[PDB]
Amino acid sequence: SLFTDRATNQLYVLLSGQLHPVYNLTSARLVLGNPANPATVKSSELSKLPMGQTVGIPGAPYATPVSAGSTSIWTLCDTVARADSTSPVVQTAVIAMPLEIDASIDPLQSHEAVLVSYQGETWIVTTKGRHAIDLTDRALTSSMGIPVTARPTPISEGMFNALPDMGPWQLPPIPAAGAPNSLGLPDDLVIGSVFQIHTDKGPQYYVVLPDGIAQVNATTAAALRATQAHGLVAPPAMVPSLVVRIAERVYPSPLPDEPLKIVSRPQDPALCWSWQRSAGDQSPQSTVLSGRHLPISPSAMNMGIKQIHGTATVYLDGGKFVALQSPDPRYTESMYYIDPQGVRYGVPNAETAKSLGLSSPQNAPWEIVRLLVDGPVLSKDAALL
């Protein structure tokens, strides 16, 4: 049984005939094994049983309330101040609540990108994640859509970890570039060369590979030729007749169809990685946002909770109960209760979760969730000391 003293609101749990003071309702439920609510009694009634030692986990949350919303939404945002200066400052926000997206803060379009720095190296950020880039040769990076005037701005450790590494911002290497083609094409069209065919939609460019030909967009055709033209002043025009017979392959160039547009960080200081998964979805969806401020409502902007011994300001609409999957380094499933102040507390297993009254956890991304300051693990074993 579980009692609350009417005079003091103090909790007591009855264990093996002794009343034990207990620090919080969370701890009481861990020791009882079910999400009990206290029975109110007059203070003097508690004198009728022998009093034992205090039990529970002092740093646990008082209880474990969770917010109604079923869709799991987690967003990490970097905001940079003094972006052009010698000393930019980055702030990071963790947002676990629905967003309000608009033209001032929205997903990067397929031809938009952000140039950033982290630990002395440079990366291109697109909708998909981050891509290594070497700014040593700016003629080369120009042909890959980066203007010579573009300068990187810093990202946070948290943002670097959250953005998936999608591979380098470069043309895929072509093995045997310069060697004669084995496809029956004219001798000038060596491996790694570009040609075109006229279509009703205009020119279609192709690159010659060891094992076939691959369609490339105009931007990629230009970048190929900028790096190595193989002696050709322009892509030779071939007839469909000669080409349709050749094996078609894929050439996985990262370059978008439209000329790349590089985001001005002084104008658009906010960069976010947004993740979401709804009940019953097979996989989550994520995207990168860019814009003027956090993707939250006018009034939500004032509700942030700074984690002083943490790294982020947290924006939450109530508690959360989440499941993570991470390679630590072996594949590990873990659960956390998140209190309404953004503190995460481990929940070791489903039996323990259910004793606390925490029904199915929501899948969430460890890259964002583990940025939250961690409190004590909520375990019966800890509670019973």
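Throughout, we count residues from 1 along the sequence that is shown.
Undergrad: Mean CA B-factor: is it higher for 159 to 167 or for 133 to 141?
TA: Per the deposited B-factors, the answer is 133 to 141.
Undergrad: Name the higher of the two by mean Cα B-factor in the PDB entry, 302 to 310 versus 259 to 267.
TA: 302 to 310 has the higher mean C-alpha B-factor.
Undergrad: Could you check 25, 377, 369, 19 and tell me which one carries the biggest Cα B-factor in the deposited entry?
TA: Largest recorded C-alpha B-factor: 19.
Undergrad: Between 52, 348, 35, 342, which one tops the list for Cα B-factor in this entry?
TA: The listed residue with the largest C-alpha B-factor is 52.
Undergrad: With respect to C-alpha B-factor, does residue 249 fall in the lowest, middle or highest third of the chain as deposited?
TA: Answer is highest: the recorded C-alpha B-factor places it there.
Undergrad: Divide the modelled residues of the chain into thirds by Cα B-factor and specify which third, lowest, middle or highest, holds residue 11.
TA: It falls in the middle third of the chain.
Undergrad: Among the modelled residues of this chain, does the Cα B factor of residue 354 put it in the lowest, middle or highest third?
TA: Tercile = middle for this residue's CA B-factor.
Undergrad: Comparing residue 319 with the other modelled residues of its chain, is its CA B-factor in the lowest, middle or highest third?
TA: As the PDB entry reports it, the C-alpha B-factor of residue 319 lands in the lowest third of its chain.
Undergrad: Would you mind ranking residue 85 by its C-alpha B-factor against the rest of the chain and naming the third, lowest, middle or highest?
TA: Residue 85: CA B-factor falls in the highest third of its chain.
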